[PDB]
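Structure at a glance
So the chains spell out like this:
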Amino acid sequence: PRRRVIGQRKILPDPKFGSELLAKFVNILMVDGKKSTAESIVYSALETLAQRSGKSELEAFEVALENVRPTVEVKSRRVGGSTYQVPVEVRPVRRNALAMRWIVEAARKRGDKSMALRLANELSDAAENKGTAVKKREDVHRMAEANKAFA
Amino acid sequence: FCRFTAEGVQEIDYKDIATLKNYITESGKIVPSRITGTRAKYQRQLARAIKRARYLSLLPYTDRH
Amino acid sequence: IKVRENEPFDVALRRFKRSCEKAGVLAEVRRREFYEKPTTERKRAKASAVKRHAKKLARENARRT
Amino acid sequence: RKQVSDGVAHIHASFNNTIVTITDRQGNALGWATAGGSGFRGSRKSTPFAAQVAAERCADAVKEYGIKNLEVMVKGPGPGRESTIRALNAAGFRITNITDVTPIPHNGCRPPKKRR
RNA sequence: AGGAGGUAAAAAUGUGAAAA
RNA sequence: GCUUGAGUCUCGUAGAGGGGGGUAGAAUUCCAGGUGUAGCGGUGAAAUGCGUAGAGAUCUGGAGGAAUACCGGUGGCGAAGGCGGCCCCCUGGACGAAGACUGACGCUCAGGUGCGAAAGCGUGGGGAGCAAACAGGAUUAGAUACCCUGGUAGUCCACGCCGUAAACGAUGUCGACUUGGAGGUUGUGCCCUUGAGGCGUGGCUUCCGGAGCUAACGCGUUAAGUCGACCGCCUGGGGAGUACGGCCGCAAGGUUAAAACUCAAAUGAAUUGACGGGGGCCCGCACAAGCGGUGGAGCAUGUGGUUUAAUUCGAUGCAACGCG
């Protein structure tokens, strides 16, 4: 809680190319410790995202990631006061990591399909900034511009 | 730690309002002797001479007039 | 407060604010007076502050530096 | 309307709200402000960021009259004195004099007691 | 170093004999 | 008669010393007029109250009063209390280099008298801001408390009365003697004034301590240290600084001031842990940033309550409760 910080953690990406970037989606798309069942699904979840949004797997993800990429985050800080909030802009390390948080959060809903085919909807949605993960990214945008009264 | 009317004795008055603009700061406020180096009865006497200008409307009550 | 900085006022120059007003005396001049509660407070706090003058004059201690 | 040229801005300020009266060298004031008329009711009403929007109520609804070069004359307290004034600067006007002129007393009439 | 501003609302009763 | 005791005078220093009266501005409060807007206000939170009658609000002006932001300091005066915007009138006590003079007029003092912050009362006022009792509104177990908005007396002035404190440096008054060091303040002497200077000589105080003293903390040149003088106070706590009576007070009571009775305590410093809705620092997933379980449901299990012939017994936050 107080003093020492470790560096980076080491996860294991998809078996076509070494990509810690895309693995952070995949390891959070990894449900229940199952890389395997994810490995059947996250490729099919990448099969639907890329060539239906337009780009190949290098930059098709930031079609559905930079659009869900936030810029503002808020948190409550008092120095001894009226329990108010002192917000800051977040660094690159957590910002697009928070962008990956909404997409797996949007992965659960819209259920008449498979987990493969539930991920097909929102990744195609988040590509053209019409995403339900992007919808939660648009809620975090409105927690700025009026709730920054302490700094 | 400055030199004054301690051992090289002198007088200080109310008429010299320009020097009496120095023993107040630049709003009309009498700064304590503690910062300006002067002495207490060399200010307490002058405090009446400050107010004798404030009675005679030369160094103000306030900077809103 | 009495600042114009005639044509360029692009920088605020707010250093006559804090130690003179707007928080400093403004949190100490309004109420809670009793005419001698400051003599229950000047005798506590300035004696805690004139010893803050004196504790640097008794500076030689268990440093060994 | 008269399109008053020289104005005198009296930010009659407090911690929570402020009845700013947008006067002239005469004193006549068609424009106004409160931090409560804007709103943000509750704890957030005790903000000079709301007095900024009140000073933004001094920065709109008078563009029809064009309140040119002005004397900022703020009276009263407020611990956020880098929020209320520059919104009046944000109006596109000019501040001729930046004055925090307050009626500082000589303690004539009796004050009561508080903080218990 | 020399000095200022922001600094606390909810949680009570243990009513009676326990040591060489 | 003398003089180191006390006092007077010459030459200088200082300020809220005390009583009274003139006179100024800012702050704030009410109001008329121009302009003008739907909110103003307050707190831990909220509401009350107020505003469309045109409030809060800006400027000009009229009508008010007391306290004096900064100057302003454990600095000054005095018997204490207490008293500070400026000036004027009357008047007061103290300190010192250097001398004259009366020639011990010195010290304290129950009775008696006067004064005394503050609150209260009687007669007439200041009457703006604040403000016991009071109403409304939150918190709340009751709130008849802390808090907010108005508001009676009061805070201010004249003459009397009550004559009371934490009137606290809790240390009565006067005198003498008794290593000091660091500052504030008013005096001031010898020397080359040859710069804010070298070295001494008194008073009023803050801090650390030797001698000495003390239960300890600690006092320490204003001593709780070394002695003498006068007045006052004390005799276990509580009961009670109450009651009968007396002096005095219109009143409220003050003051002198017991007893019956009960207990074997009461009171004070310090020691070591504990406690704080005191703090600094450090630690633990205490928390902030997350995923999945417990709690809704079927099933598997233990105790309690209950019923009963017993539904062995014990444990009964825990760390007994899928325990023996």
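Along every chain, residue numbers run from 1 in sequence order, not necessarily as the entry numbers them; residues that have no coordinates are omitted. To read the labels, note that chains go from A and ligands from 1, taken in the order they are written. What you see is a piece of a larger assembly; the numbers all apply to this piece alone. Remark: hydrogens and water are excluded; side-chain values derive from all non-hydrogen atoms of the structure.

**Topic: the protein's contact with RNA strand F**
One heavy atom suffices: a residue is near a molecule or strand as soon as one of its heavy atoms comes within 4 Å of it. Close contacts around RNA strand F come from 59 residues, with B:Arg34, D:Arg41, D:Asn107, D:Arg110 and D:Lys114 the closest. Take the atoms of RNA strand F that sit within 4 Å of the protein: sugar and phosphate atoms are 66% of them. Within the side chain of B:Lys51, an N or O atom sits 3.0 Å from a sugar or linking oxygen of RNA strand F. Contacts to RNA strand F include D:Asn107, whose backbone N or O atom sits 2.4 Å from a base nitrogen. For the purposes of this entry, the term helix denotes a DSSP run of H or I that reaches at least four residues, the term strand denotes a run of E that reaches at least two, and both are numbered from the N terminus. When contributions to the surface near RNA strand F are tallied by element, the ones reaching two or more residues are α4 (92-107) of chain A, α1 (33-36) and α2 (41-55) of chain B, α1 (42-54) of chain C together with β1 (6-12), β2 (20-24) and α1 (35-38) of chain D. Here the surface near RNA strand F takes nine residues from α2(B), the largest share from any one element. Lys, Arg, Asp and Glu make up the charged group, whereas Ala, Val, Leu, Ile, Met, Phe, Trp, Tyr, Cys and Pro make up the nonpolar group; the residues left over, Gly among them, are polar. Here the surface near RNA strand F is built from residues that sort into 20 nonpolar, 19 polar and 20 charged. Within 3.5 Å is the distance limit for a polar contact, defined as a pair of N or O atoms, with the added protein rule that one can donate a hydrogen and the other accept it, and that residues adjacent in sequence qualify only through two side-chain atoms.

**Topic: the sheet that holds β1(D)**
Residues and elements named next belong to chain D. Here, any two strands with at least 2 DSSP bridges between them count as paired. An order of β3-β2-β1-β4-β5 is seen for the five strands of this open sheet, with the pairing classed as mixed. The strands lining the two open edges of the sheet, one partner per strand, are β3 (31-33) and β5 (95-99). Ignoring which end each strand starts from, the neighbouring axes of this sheet average 20° apart. Here β2 runs beside β3; their pairing, made up of three bridges, is antiparallel. Throughout, an axis means a line fitted to C-alpha atoms (over the contacting stretch in the case of helices), and angles, computed between N-to-C directions, take values from 0 to 180 degrees.

**Considering the interface of chain C and chain D**
Contact definition: two residues touch when any of their heavy atoms are within 4.5 Å. Of the residues lining the interface, 15 residues belong to chain C; the matching set on chain D comes to 19 residues. Buried area adds together the accessible area that both of two parts lose upon being put together, with accessible area traced by a 1.4 Å probe. Approximately 1,600 Å² of surface area, both sides summed, lies buried where chain C meets chain D, with 52% of it carried by carbon and sulfur atoms. Interface area lost by chain C to chain D is led by C:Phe9, C:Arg14 and C:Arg32, which between them contribute 35%. Basic side-chain nitrogens of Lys or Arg form a salt bridge, by our definition, when they fall within 4 Å of a carboxyl oxygen of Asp or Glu. Joining chain C to chain D, the criterion identifies one salt bridge.

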